[PDB]
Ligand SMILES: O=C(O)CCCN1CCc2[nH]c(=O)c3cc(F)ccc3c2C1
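In the block that follows, a single chain appears as structure tokens, in the form solved without this ligand.
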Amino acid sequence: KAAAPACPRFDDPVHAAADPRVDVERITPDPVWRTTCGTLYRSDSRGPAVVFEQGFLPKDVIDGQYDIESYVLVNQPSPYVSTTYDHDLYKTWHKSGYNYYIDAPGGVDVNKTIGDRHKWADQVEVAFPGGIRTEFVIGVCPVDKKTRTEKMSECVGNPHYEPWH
């Protein structure tokens, strides 16, 4: 094989945002940004026809919960779209229909920002302020709820995905 190259470093930490109205200075605590560029994942019940068209939009960039600890622990409407480093986290999700694959720069590394002591540290989450544009959504695999497995013959690539590294 070969050894992997480092990742491109973007100047804007929310370059990936689907809603650029997000206010980075409102993020608390001081965010530790993800600097790796491996695939990330999101369990979502929303279908690819919607996600491939819109990307992942956050619930409320205006008056949503900008405190990452509060958002992780109680999940009010927020400027964030959560993803995970863990390909298999979909297996822990009740009924969410799809495992989305994401290739996006940046995001707030939740455990590096609020520590790995908290209740949901096992989710190894990356929270995207402003969400995630469709160009950074690779594709999706539907999940068979009864076996908690991906239906790999039914995965779909996002025609809008734009490789960048």
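Start at 1 and count along the sequence shown; that's the residue number.
Same protein, other form: the form deposited with this ligand bound, not shown, and the subject of what follows.
Each of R42, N75 and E125 comes within 4.5 Å of this ligand in the deposited complex, counting any heavy atom.
At least one heavy atom of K59 is located within 4.5 Å of this ligand in the deposited complex. Contact residues in stretch 59-84 (any heavy atom within 4.5 Å of this ligand, taken in the deposited complex) are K59, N75, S82, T83, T84.
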